[PDB]
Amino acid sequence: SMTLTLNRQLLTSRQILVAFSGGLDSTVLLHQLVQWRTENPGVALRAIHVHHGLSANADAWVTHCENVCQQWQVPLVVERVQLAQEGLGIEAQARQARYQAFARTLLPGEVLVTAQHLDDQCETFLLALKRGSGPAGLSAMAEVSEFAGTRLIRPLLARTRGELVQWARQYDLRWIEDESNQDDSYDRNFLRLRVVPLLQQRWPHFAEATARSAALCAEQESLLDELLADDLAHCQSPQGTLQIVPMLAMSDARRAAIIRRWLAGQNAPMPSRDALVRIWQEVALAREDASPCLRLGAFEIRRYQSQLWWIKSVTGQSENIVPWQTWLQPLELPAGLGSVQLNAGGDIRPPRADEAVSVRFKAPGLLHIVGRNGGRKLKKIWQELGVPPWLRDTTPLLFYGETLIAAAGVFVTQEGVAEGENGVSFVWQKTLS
């Protein structure tokens, strides 16, 4: 039935790439896939062993993987990524390097498949538990998730190590397995060896019961997904923000479940239940006048126009002034804001080779712009044009000497309009995400 199970989960896939450590689970997953390939002509399969850290057999494991793949006619990428600096041990440092390694060496349209099984579901659950997470975090792992643009499928997720042993053995597969005892100071190890077994003693199927609970938590979260759909549709704008007004009346749990689901949409890192609390109390209910902001890692959620925004944090630049001596060539902007350049053809007057061109993010005094008869301050103009506060000091400002010419993609001052009709275009380019 593991083969039966395999094809159902892999129907929507043609190109697979399996994380292949010499181990049982990988060995059983891979043998099954090579078994699967022989049954579906035209199906391409690739394997990838990730050699990381200074293991005693780190080099031998690689060799073992090269023989098995070849004996089975399967290409094999072998990333040697290395990283460890006294910080977060194996159960963190490496896991990232590995998934990055998977990300790196993964073709487009190819589906990443891992050999994570029941015991891992139990371990994930426990770790979530020891973190005091709710139903969302206790749903542990999904049979199908999104990873590096594509999907990450986990077939053997429901299978027991017993089942895997019974298979790997029935087909006389040879596999490695260095328990690495002394890694007991790294959470996921301390479980499989000490806690979990201790549990399987009086409760032989403990790990099975846990997947059951995980599954039930998931069913409930999806029930809420259904139940909240409308609420979400209404409060979620097309832009990708969340309308505050429609929520002012809701209950704390309602709000949190929505904020939660909304943050998931931006494919954001799962928030802590208290984070969800702060977001509403300190941001949504905060005065827009006082620029509300909750830092959540590299990202930040804030309030603007009675809406909550999930955006990639970026450091201000109001005090910066980046000179453009060679404005004939693009100018690289600070804090990865991208490049900027003056192309022939546009409503902005070119600079004289005698004046000093520069890029800034601030501009004093009353300012006059095209399309408005008046003259207000930068901040007033920003507001009238709807430019969000986090962008009011991160938007390129063209300056010839001490004069403001334009604000990339937002406006052009009147003192900067093309005299004749020729003129140039101040163009702003941002790097890939």
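In case it trips you up, residue 1 is the first one in the sequence shown, and so on.
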Do the CA atoms of 208-216 or those of 282-290 have the higher mean B-factor in the entry?
282-290
Out of 385-393 and 37-45, which one has CA B-factors that are higher on average in the deposited record?
37-45
Whose CA atom has the top B-factor in the entry, of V277, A257, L223, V81?
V81
Given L29, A407, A60, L378, the residue at which the Cα B factor reaches its maximum:
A60
Assert third(CA B-factor, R194) within chain per record equals highest
Using only modelled residues of the chain, where does the Cα B factor of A335 rank: lowest third, middle third or highest third?
middle
When the deposited Cα B-factors of this chain's modelled residues are ordered and cut into thirds, is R154 in the lowest, the middle or the highest one?
lowest
For the chain shown, is the CA B-factor of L54 in the lowest, middle or highest third of its modelled residues?
highest
With respect to C-alpha B-factor, does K130 fall in the lowest, middle or highest third of the chain as deposited?
lowest
